[PDB]
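Here's the structure we're looking at; comments come further down.
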Amino acid sequence: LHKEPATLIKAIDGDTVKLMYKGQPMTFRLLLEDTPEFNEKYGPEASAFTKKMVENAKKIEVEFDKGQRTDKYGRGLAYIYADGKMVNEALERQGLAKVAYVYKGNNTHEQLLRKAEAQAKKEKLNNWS
Ligand SMILES: Cc1cn([C@H]2C[C@H](OP(=O)(O)O)[C@@H](COP(=O)(O)O)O2)c(=O)[nH]c1=O
Ligand SMILES: [Ca+2]
């Protein structure tokens, strides 16, 4: 896979962020993730985590997988990086997301993200507490 540039427009919630990509505003949905909704337990914490990570980044990148690039709602489907650190993985490692929505052909980083999840769950962090 390949990283491509984007710039932050606005934080949305744990697993969605508004970015400018190829000069156009898009909502991106994190591949292979499910954060709690804001109104659910750990939702505000997941939102705050993603918000801080993308707002503090000097360089945002998106990385599409091999399959679908946009979902049925018109959201981009990507792994998002903030100064080289994957947001999806960072959420997993802090117990603020679950690996989910694993569709065949669009699942390159599945096992990386599951490994982060296992280590969060061993530590009983956040969702796993
Ligand atoms: C992450 C992801 C979600 N989706 C769809 C499945 C879900 O459909 P439904 O809306 O019908 O449940 C929805 C979940 O997103 P949210 O977790 O943002 O609600 O987005 C994809 O189609 N592809 C994906 O890779
Ligand atoms: Ca969600």
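In the structure tokens, the first chain shown is A, the next is B, and so on; residue numbers restart at 1 for each chain, and ligands run from 1 in the order shown.
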
Quick one: contact table of chain A to ligand 1, 8 Å max, nearest atom pair and distance in Å to one decimal per residue, counting only C-alpha atoms and all ligand atoms, chain and number order, as a tab-separated table?
residue	atom	partner	partner_atom_place_in_ligand_line	distance
A:15	CA	ligand 1	18 (O)	7.0
A:16	CA	ligand 1	18 (O)	7.1
A:29	CA	ligand 1	1 (C)	6.1
A:30	CA	ligand 1	1 (C)	6.0
A:31	CA	ligand 1	1 (C)	4.9
A:32	CA	ligand 1	1 (C)	5.6
A:33	CA	ligand 1	1 (C)	6.1
A:34	CA	ligand 1	17 (O)	5.6
A:35	CA	ligand 1	17 (O)	7.2
A:37	CA	ligand 1	17 (O)	8.0
A:68	CA	ligand 1	25 (O)	7.8
A:70	CA	ligand 1	23 (N)	7.8
A:71	CA	ligand 1	22 (O)	4.9
A:72	CA	ligand 1	22 (O)	6.0
A:73	CA	ligand 1	20 (O)	7.4
A:77	CA	ligand 1	25 (O)	6.0
A:100	CA	ligand 1	1 (C)	7.3
A:101	CA	ligand 1	1 (C)	5.2
A:102	CA	ligand 1	25 (O)	6.9
A:103	CA	ligand 1	25 (O)	6.7
A:106	CA	ligand 1	25 (O)	7.5

With N, CA and C atoms retained, export the selected residues as a tab-separated table (two decimals), in the first residue's frame.
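Printed below is again25.tsv as written:
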chain	number	residue	atom	x	y	z
A	15	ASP	N	-13.72	7.39	14.92
A	15	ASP	CA	-13.36	6.68	13.72
A	15	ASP	C	-13.68	7.38	12.40
A	16	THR	N	-14.11	8.62	12.50
A	16	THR	CA	-14.33	9.48	11.31
A	16	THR	C	-13.63	10.81	11.46
A	29	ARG	N	-13.61	7.32	6.96
A	29	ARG	CA	-13.94	6.31	7.94
A	29	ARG	C	-12.77	5.34	8.06
A	30	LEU	N	-12.34	5.11	9.30
A	30	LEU	CA	-11.13	4.27	9.51
A	30	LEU	C	-11.43	2.83	9.13
A	31	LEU	N	-10.59	2.25	8.28
A	31	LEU	CA	-10.68	0.83	7.94
A	31	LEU	C	-10.45	-0.05	9.17
A	32	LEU	N	-11.23	-1.11	9.22
A	32	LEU	CA	-11.09	-2.21	10.18
A	32	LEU	C	-11.32	-1.81	11.65
A	33	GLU	N	-12.05	-0.71	11.87
A	33	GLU	CA	-12.25	-0.18	13.20
A	33	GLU	C	-13.70	0.06	13.51
A	34	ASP	N	-13.99	0.00	14.82
A	34	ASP	CA	-15.26	0.54	15.34
A	34	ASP	C	-14.96	1.17	16.65
A	35	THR	N	-15.06	2.48	16.71
A	35	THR	CA	-15.08	3.21	17.98
A	35	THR	C	-16.48	3.34	18.49
A	37	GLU	N	-19.81	5.22	19.62
A	37	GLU	CA	-20.38	6.50	19.26
A	37	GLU	C	-20.24	7.43	20.47
A	68	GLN	N	-12.41	-1.54	-1.97
A	68	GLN	CA	-13.25	-0.37	-1.98
A	68	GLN	C	-12.56	0.81	-1.31
A	70	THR	N	-14.39	3.96	-1.24
A	70	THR	CA	-15.46	4.76	-0.70
A	70	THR	C	-16.61	3.87	-0.29
A	71	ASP	N	-17.23	4.15	0.86
A	71	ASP	CA	-18.35	3.31	1.30
A	71	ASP	C	-19.70	3.81	0.76
A	72	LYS	N	-20.76	3.11	1.12
A	72	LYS	CA	-22.06	3.41	0.58
A	72	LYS	C	-22.60	4.78	1.01
A	73	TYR	N	-21.93	5.40	1.97
A	73	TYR	CA	-22.30	6.75	2.45
A	73	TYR	C	-21.39	7.82	1.83
A	77	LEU	N	-12.52	5.23	2.71
A	77	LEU	CA	-12.15	4.11	3.62
A	77	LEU	C	-10.64	4.01	3.56
A	100	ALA	N	-13.03	-4.51	13.57
A	100	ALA	CA	-14.42	-4.72	13.11
A	100	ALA	C	-14.48	-4.45	11.63
A	101	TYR	N	-15.61	-4.81	11.02
A	101	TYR	CA	-15.86	-4.47	9.61
A	101	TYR	C	-14.70	-4.95	8.76
A	102	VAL	N	-14.34	-6.20	8.98
A	102	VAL	CA	-13.21	-6.82	8.26
A	102	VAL	C	-13.73	-7.48	7.01
A	103	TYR	N	-13.67	-6.75	5.91
A	103	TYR	CA	-14.19	-7.27	4.62
A	103	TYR	C	-13.01	-7.80	3.81
A	106	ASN	N	-9.96	-6.09	1.64
A	106	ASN	CA	-9.76	-4.76	2.08
A	106	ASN	C	-9.32	-4.83	3.58

In chain A, DSSP alpha helix (DSSP H) residues written as an NGL selection string: :A and (43-55 or 87-93 or 110-122)

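Residues lying within 10 Å of residue 49 of chain A, counting only C-alpha atoms and ignoring same-chain neighbours fewer than 5 positions away, are residues 13, 14, 43, 44, 54, 87, 90, 91, 94 and 96 of chain A.
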
Please write the residues from the selection above to a file, keeping C-alpha atoms, as an mmCIF file, in the first residue's frame.
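Result saved to again.cif:
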data_model
loop_
_atom_site.group_PDB
_atom_site.id
_atom_site.type_symbol
_atom_site.label_atom_id
_atom_site.label_comp_id
_atom_site.auth_asym_id
_atom_site.auth_seq_id
_atom_site.Cartn_x
_atom_site.Cartn_y
_atom_site.Cartn_z
ATOM 1 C CA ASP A 13 -15.411 11.297 16.208
ATOM 2 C CA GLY A 14 -13.314 8.295 17.143
ATOM 3 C CA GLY A 43 -17.179 7.438 22.902
ATOM 4 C CA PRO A 44 -16.079 10.832 24.160
ATOM 5 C CA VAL A 54 -4.988 14.525 14.010
ATOM 6 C CA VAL A 87 -4.455 6.334 14.028
ATOM 7 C CA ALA A 90 -3.108 3.774 18.167
ATOM 8 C CA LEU A 91 -6.812 3.528 19.006
ATOM 9 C CA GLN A 94 -5.298 2.207 23.913
ATOM 10 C CA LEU A 96 -10.541 2.843 22.460
#

Rank nothing, just name the residue among A:105, A:84, A:76, A:95 nearest to residue 18 of chain A, using only C-alpha atoms. A:76

Non-local contacts of segment 5-12 of chain A (7 Å; only C-alpha atoms; under 3 positions in same chain excluded) as an MDAnalysis selection string: chainID A and resid 16:21 51 60:62

Suppose you want the space between atom CA of residue 125 of chain A and atom CA of residue 63 of chain A; what is it in Å? 27.1 Å

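Considering the residues A:121, A:66, A:104, A:22 and counting only C-alpha atoms, residue 92 of chain A has its shortest atom-to-atom contact with A:121.
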
With a distance cut-off of 6 Å and only C-alpha atoms, select the neighbouring residues of residue 117 of chain A, excluding the residue or stretch itself and same-chain residues fewer than 3 positions from it, and output the selection as a ChimeraX atom specification. /A:92-93,114,120

Could you tell me how far atom CA of residue 40 of chain A sits from atom CA of residue 52 of chain A, in Å to one decimal place? 19.3 Å

Could you pull out the strand (DSSP E) residues of segment 14-81 of chain A, going by DSSP on the backbone, and write them as a CSV table (one decimal) with N, CA and C atoms, in the first residue's frame?
chain,number,residue,atom,x,y,z
A,16,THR,N,-14.1,8.6,12.5
A,16,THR,CA,-14.3,9.5,11.3
A,16,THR,C,-13.6,10.8,11.5
A,17,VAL,N,-13.1,11.3,10.3
A,17,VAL,CA,-12.4,12.6,10.3
A,17,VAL,C,-12.6,13.2,9.0
A,18,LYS,N,-12.8,14.5,9.0
A,18,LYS,CA,-13.0,15.3,7.7
A,18,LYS,C,-11.6,15.8,7.2
A,19,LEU,N,-11.2,15.3,6.0
A,19,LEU,CA,-9.9,15.6,5.4
A,19,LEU,C,-10.0,16.2,4.1
A,20,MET,N,-9.1,17.0,3.7
A,20,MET,CA,-9.0,17.4,2.3
A,20,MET,C,-8.0,16.4,1.6
A,21,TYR,N,-8.5,15.8,0.5
A,21,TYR,CA,-7.8,14.7,-0.2
A,21,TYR,C,-7.9,15.0,-1.7
A,24,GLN,N,-10.1,18.0,-2.3
A,24,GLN,CA,-11.6,18.0,-2.1
A,24,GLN,C,-11.9,17.5,-0.7
A,25,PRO,N,-12.9,18.1,-0.1
A,25,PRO,CA,-13.3,17.7,1.3
A,25,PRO,C,-14.0,16.4,1.3
A,26,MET,N,-13.5,15.5,2.2
A,26,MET,CA,-14.1,14.2,2.3
A,26,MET,C,-14.2,13.8,3.7
A,27,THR,N,-15.2,13.0,4.1
A,27,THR,CA,-15.2,12.4,5.4
A,27,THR,C,-14.6,11.0,5.2
A,28,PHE,N,-13.6,10.7,6.0
A,28,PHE,CA,-12.9,9.4,6.0
A,28,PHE,C,-13.4,8.6,7.2
A,29,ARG,N,-13.6,7.3,7.0
A,29,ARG,CA,-13.9,6.3,7.9
A,29,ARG,C,-12.8,5.3,8.1
A,30,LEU,N,-12.3,5.1,9.3
A,30,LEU,CA,-11.1,4.3,9.5
A,30,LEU,C,-11.4,2.8,9.1
A,33,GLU,N,-12.0,-0.7,11.9
A,33,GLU,CA,-12.2,-0.2,13.2
A,33,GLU,C,-13.7,0.1,13.5
A,34,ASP,N,-14.0,0.0,14.8
A,34,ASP,CA,-15.3,0.5,15.3
A,34,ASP,C,-15.0,1.2,16.7
A,60,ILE,N,-0.6,14.7,8.0
A,60,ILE,CA,-1.6,13.6,7.8
A,60,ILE,C,-1.4,12.9,6.5
A,61,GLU,N,-1.6,11.6,6.5
A,61,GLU,CA,-1.6,10.8,5.3
A,61,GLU,C,-2.7,9.9,5.4
A,62,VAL,N,-3.2,9.6,4.2
A,62,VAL,CA,-4.2,8.5,4.1
A,62,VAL,C,-3.6,7.3,3.2
A,63,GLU,N,-4.0,6.1,3.6
A,63,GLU,CA,-3.5,4.9,2.8
A,63,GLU,C,-4.8,4.1,2.5
A,76,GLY,N,-14.6,8.1,2.5
A,76,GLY,CA,-13.4,7.4,2.2
A,76,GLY,C,-13.1,6.3,3.1
A,77,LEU,N,-12.5,5.2,2.7
A,77,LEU,CA,-12.2,4.1,3.6
A,77,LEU,C,-10.6,4.0,3.6
A,78,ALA,N,-10.0,4.3,4.6
A,78,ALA,CA,-8.5,4.3,4.6
A,78,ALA,C,-7.9,4.1,6.0
A,79,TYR,N,-6.7,3.8,6.0
A,79,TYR,CA,-5.9,3.9,7.2
A,79,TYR,C,-5.3,5.3,7.3
A,80,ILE,N,-5.4,6.0,8.4
A,80,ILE,CA,-5.0,7.4,8.5
A,80,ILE,C,-3.7,7.4,9.4
A,81,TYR,N,-2.8,8.2,9.0
A,81,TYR,CA,-1.5,8.3,9.7
A,81,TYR,C,-1.3,9.8,10.1

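Note that the spacing between atom CA of residue 107 of chain A and atom CA of residue 3 of chain A amounts to 15.8 Å.
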
In terms of the shortest atom-to-atom distance over only C-alpha atoms and all ligand atoms, which of A:41, A:115, A:85, A:122 is closest to ligand 2? A:41

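Across A:59, A:50, A:98, A:112, the tightest approach to ligand 2 is made by A:98 when counting only C-alpha atoms and all ligand atoms.
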